[PDB]
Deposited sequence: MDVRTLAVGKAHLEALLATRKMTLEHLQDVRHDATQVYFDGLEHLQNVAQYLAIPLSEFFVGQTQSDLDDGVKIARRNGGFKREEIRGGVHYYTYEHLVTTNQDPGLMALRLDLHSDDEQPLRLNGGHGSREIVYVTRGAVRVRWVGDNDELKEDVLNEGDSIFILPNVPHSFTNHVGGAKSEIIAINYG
């Protein structure tokens, strides 16, 4: 089977139209049914976005089906994505907050700073002793040590690095990027 068409939730499209004081009838020739409005591919949708002066993104907001189960989502140790770089392991991830990236890390250690990022970040040390380095004010390098149970908050776009303090003793941290 094959579909030539793009589907958009009708209720949603109508609601967008009403923000511009319009109704379906003010669109072109579009077929609709009881739940869906159909387009001849992306380019057709873009034109309609231009006409309504609304970013394309808006036409899908809400239209992906929640990955939750009864208001909640659960992940398991090793159940998701996992990779060597650090050893990164995804914790629970959800389409109900794409801005949220929760990680577990093993540190393999010893300088390789990142470039900072748009997310705020909080890190908690679950095991061992962690060397943290970051670029402070006036681009001066700073450092400190975090022990099991200690935590740190990091402002957006502050460059940073976590390594083992001891060397050989391999530590574990949790990192939550969000907002």
Checklist line | Deposited-sequence stretches lacking C-alpha coordinates, listed in sequence order | finding: 86 to 92, 118 to 121
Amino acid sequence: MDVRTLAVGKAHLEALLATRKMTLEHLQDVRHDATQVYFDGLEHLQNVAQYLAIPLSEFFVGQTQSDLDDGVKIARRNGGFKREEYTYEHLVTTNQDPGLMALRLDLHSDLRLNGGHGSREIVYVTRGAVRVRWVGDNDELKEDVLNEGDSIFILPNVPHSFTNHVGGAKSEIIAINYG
From here on, numbers count along this sequence of modelled residues.
Margin query: Would you say residue 113 is commonly dropped, meaning unmodelled in a third or more of the other compared entries that have residues on each side of it?
Written below: yes
Note to self: Regarding 122 to 130 and 138 to 146, which shows the higher C-alpha temperature factor on average in the entry?
What the structure shows: 138 to 146
Note to self: Which is higher on mean Cα B factor in this entry, 24 to 32 or 63 to 71?
What the structure shows: 24 to 32
Check: Which listed residue, 113, 37, 152, 56, has the largest C-alpha temperature factor in the record?
Finding: 113
Margin query: Quick check on the deposited entry: does the C-alpha B-factor of residue 78 sit in the lowest, middle or highest third of its chain?
Written below: middle
Next item on the list: Grab the CA temperature factor for residue 174 from the record and place it in the lowest, middle or highest third of its chain.
Entry: lowest
Check: Which third of the chain does residue 87 land in by C-alpha B-factor: lowest, middle or highest?
Finding: middle
Check: If you rank every modelled residue in this chain by C-alpha B factor, which third holds residue 1: lowest, middle or highest?
Finding: highest
